[PDB]
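**Q** Please read through the structure below; I'll follow up with questions.
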Amino acid sequence: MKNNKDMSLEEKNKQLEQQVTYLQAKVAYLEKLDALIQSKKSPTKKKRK
């Protein structure tokens, strides 16, 4: 169900190989948010303070 928000979940994209790539993690964000890092964003490289 397209969330009341603007960026609906259906807006999510899909690829050939990346299909399962994000479908595994994205499933967490897109679940309620959308096709993007929101709930639990992956770990970023060593950020130099």
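For the structure tokens, the naming scheme is as follows: chains receive sequential letters (A, B, ...) according to their order of presentation, residues are indexed from 1 within each chain, and ligands are indexed from 1 in presentation order.
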Please give the complete set of residues from chain A that DSSP, run on the backbone, assigns to helix (DSSP H, G or I), formatted as a PyMOL selection string.
**A** chain A and resi 9-11+18-29
**Q** Limited to N, CA, C and O atoms, could you put the picked residues into a file as a short mmCIF file (atom, residue, chain, number, x, y, z; two decimals), in the first residue's frame?
**A**
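Final output, saved to part09.cif:
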```cif
data_model
loop_
_atom_site.label_atom_id
_atom_site.label_comp_id
_atom_site.auth_asym_id
_atom_site.auth_seq_id
_atom_site.Cartn_x
_atom_site.Cartn_y
_atom_site.Cartn_z
N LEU A 9 6.42 3.16 -1.63
CA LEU A 9 7.26 1.96 -1.69
C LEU A 9 7.31 1.40 -3.10
O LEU A 9 8.37 0.98 -3.57
N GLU A 10 6.17 1.40 -3.78
CA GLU A 10 6.09 0.89 -5.14
C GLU A 10 7.13 1.56 -6.03
O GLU A 10 7.58 0.98 -7.02
N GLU A 11 7.51 2.78 -5.68
CA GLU A 11 8.49 3.53 -6.45
C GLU A 11 9.82 2.78 -6.52
O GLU A 11 10.65 3.03 -7.39
N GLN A 18 21.19 -7.09 -9.12
CA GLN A 18 20.95 -6.31 -7.91
C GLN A 18 19.58 -6.61 -7.32
O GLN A 18 19.30 -6.27 -6.17
N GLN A 19 18.73 -7.26 -8.11
CA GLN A 19 17.39 -7.62 -7.67
C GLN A 19 17.42 -8.21 -6.26
O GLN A 19 16.78 -7.70 -5.34
N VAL A 20 18.17 -9.29 -6.10
CA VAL A 20 18.29 -9.95 -4.80
C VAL A 20 19.25 -9.20 -3.89
O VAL A 20 19.22 -9.37 -2.66
N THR A 21 20.10 -8.38 -4.48
CA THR A 21 21.07 -7.60 -3.72
C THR A 21 20.38 -6.69 -2.71
O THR A 21 20.69 -6.72 -1.52
N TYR A 22 19.44 -5.89 -3.20
CA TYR A 22 18.70 -4.97 -2.34
C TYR A 22 17.49 -5.66 -1.71
O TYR A 22 17.16 -5.43 -0.55
N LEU A 23 16.83 -6.51 -2.49
CA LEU A 23 15.66 -7.24 -2.02
C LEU A 23 15.94 -7.89 -0.67
O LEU A 23 15.01 -8.19 0.09
N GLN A 24 17.21 -8.10 -0.36
CA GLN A 24 17.61 -8.71 0.90
C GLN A 24 17.65 -7.68 2.02
O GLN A 24 17.10 -7.90 3.10
N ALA A 25 18.29 -6.55 1.75
CA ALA A 25 18.40 -5.48 2.74
C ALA A 25 17.25 -4.49 2.60
O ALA A 25 16.54 -4.21 3.57
N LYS A 26 17.05 -3.98 1.40
CA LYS A 26 15.99 -3.02 1.13
C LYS A 26 14.68 -3.47 1.79
O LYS A 26 13.87 -2.64 2.21
N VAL A 27 14.48 -4.78 1.86
CA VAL A 27 13.28 -5.34 2.47
C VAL A 27 13.02 -4.73 3.84
O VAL A 27 11.88 -4.69 4.31
N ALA A 28 14.08 -4.25 4.48
CA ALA A 28 13.97 -3.64 5.80
C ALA A 28 13.43 -2.22 5.70
O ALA A 28 12.48 -1.85 6.40
N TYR A 29 14.03 -1.42 4.83
CA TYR A 29 13.61 -0.03 4.64
C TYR A 29 12.33 0.04 3.83
O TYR A 29 11.29 0.50 4.32
#
```
**Q** Atom CA of residue A:37 and atom CA of residue A:15, how far apart in Å?
**A**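 It comes out at 17.2 Å.
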